[PDB]
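Numbering (the entry's author numbering), first residue to last: 1 to 186.
In this text, a Cβ means the ideal position worked out from N, Cα and C, and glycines have one as well.
Notes to accompany the following structure.
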Amino acid sequence: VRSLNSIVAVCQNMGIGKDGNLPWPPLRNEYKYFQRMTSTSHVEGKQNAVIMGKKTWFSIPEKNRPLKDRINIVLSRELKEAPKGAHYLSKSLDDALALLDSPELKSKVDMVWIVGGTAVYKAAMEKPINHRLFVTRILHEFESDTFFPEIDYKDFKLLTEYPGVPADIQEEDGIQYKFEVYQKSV
Ligand SMILES: NC(=S)c1ccc[n+]([C@@H]2O[C@H](COP(=O)([O-])OP(=O)(O)OC[C@H]3O[C@@H](n4cnc5c(N)ncnc54)[C@H](OP(=O)(O)O)[C@@H]3O)[C@@H](O)[C@H]2O)c1
Ligand SMILES: C[C@H](O)[C@H](O)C1=Nc2c(nc(N)[nH]c2=O)NC1
Ligand SMILES: [Ca+2]
């Protein structure tokens with residue numbers, strides 16, 4: 001595939017989850033951002049693909065599965081078949097990448113988004129391919145049991161601006177956050 005996109009929300013301690021959920025209570029606007037970025041294809045007749053770990057998949061309320069308007073691919077070394085509602089199951093990122101290139105998919109897919117968790121982000125980060133990381137930095141700390149892997153600031157250059165991404169510090173529910181885009185060129 002040409003390039004990857006990863007999206008995540010992190011707090012000050014780099015936590016991304018706690019007890020099978022997000023460490024903070026609901027933020028409406030941040031959520032809509034994720035929906036908008038992951039769902040928006042720039043080609044008619046094509047849809048985006050989202051890739052995610054098993055834990056992540058099960059974290060989404062069942063009635064909300066699969067994420068509407070995207071091809072959901074779950075990764076698992078243990079499952080035998082895609083969980084009820086997922087489009088495809090893959091045993092590794094590589095496998096997932098190959099499937100995407102498959103003829104049946106290739107023409108059906110616009111963008112590939114990596115939606116975590118940890119191991120998923122890590123794996124994608126290490127692929128020597130063009131990659132854009134969309135980070136929402138929540139400017140507070142919350143107790144977390146799961147964390148975002150360390151990004152190589154030598155590879156991933158923070159962009160100072162990106163089309164459609166608000167620049168300023170945002171606030172909602174008394175919480176401040178900022179959007180940042182990092183880009184790796186291969
Ligand atoms: N802040 C944001 S935006 C965000 C985004 C995603 C998740 N979360 C949170 O983080 C937690 C879920 O994340 P996590 O890191 O614990 O779990 P996940 O990555 O979602 O799930 C882990 C499992 O997925 C499979 N897997 C993961 N990476 C794999 C790979 N490269 N190849 C094959 N299978 C792989 C394995 O399943 P098997 O054991 O079956 O092999 C592994 O046990 C929840 O609290 C969720 O809310 C937060
Ligand atoms: C995909 C699943 O809902 C998951 O927890 C994710 N949540 C978010 C995300 N990305 C952002 N920006 N915000 C979220 O709430 N990526 C993944
Ligand atoms: Ca396991």
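Check, Outcome
"Below 8 angstroms on the Cβ atoms is my contact criterion, and I expect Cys11 with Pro23 to pass it. Report the Cβ-Cβ distance as a whole number of Å.", "6 angstroms"
"Check whether the stretch 69 to 81 and the stretch 144 to 160 are in contact - that is, three or more C-beta pairs closer than 8 angstroms.", "no"
"Can you tell me whether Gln35 is helix, strand or coil according to DSSP?", "helix"
"Measure from the alpha carbon of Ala124 to the alpha carbon of each residue in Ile138, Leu139 and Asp94, then state which is nearest.", "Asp94"
"So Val112 is in the beta strand (DSSP E); what residue range does that whole segment cover?", "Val109 to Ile114"
"Any chance you could list the alpha helix (DSSP H) runs of at least 4 consecutive residues sitting entirely within the stretch 33 to 115, in chain order?", "54 to 59, 93 to 101 and 103 to 106"
"Just to confirm my understanding: we take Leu4, look at its own chain, exclude 5 residues before and 5 after, and list those with CB closer than 7 angstroms. What are they?", "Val112, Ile114, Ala124, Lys127, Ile129 and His131"
"Is it the case that the stretch 47 to 67 contacts the stretch 96 to 109, given that we only count it when at least three CB pairs across the two stretches are under 8 angstroms?", "yes"
"Give me the Cα-Cα distance between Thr38 and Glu62, rounded to the nearest whole angstrom.", "19 angstroms"
"Is it right to say residue 208 is buried, meaning 16 or more other beta carbons lie within 10 angstroms of its own, or is it exposed?", "Residue 208 lies beyond the stretch modelled for the chain, which goes from 1 to 186, so this question has no answer here."
"For the alpha helix (DSSP H) containing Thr136, list its first residue and its last residue.", "Not the alpha helix (DSSP H): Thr136 falls in the beta strand (DSSP E), residues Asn130 to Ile138."
"Just checking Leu75 against ligand 2 - is the residue's beta carbon closer than 7 angstroms to any of the ligand's heavy atoms?", "no"
"Expressed to the nearest angstrom, what Euclidean distance is found between the alpha-carbon atoms of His42 and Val165?", "16 angstroms"
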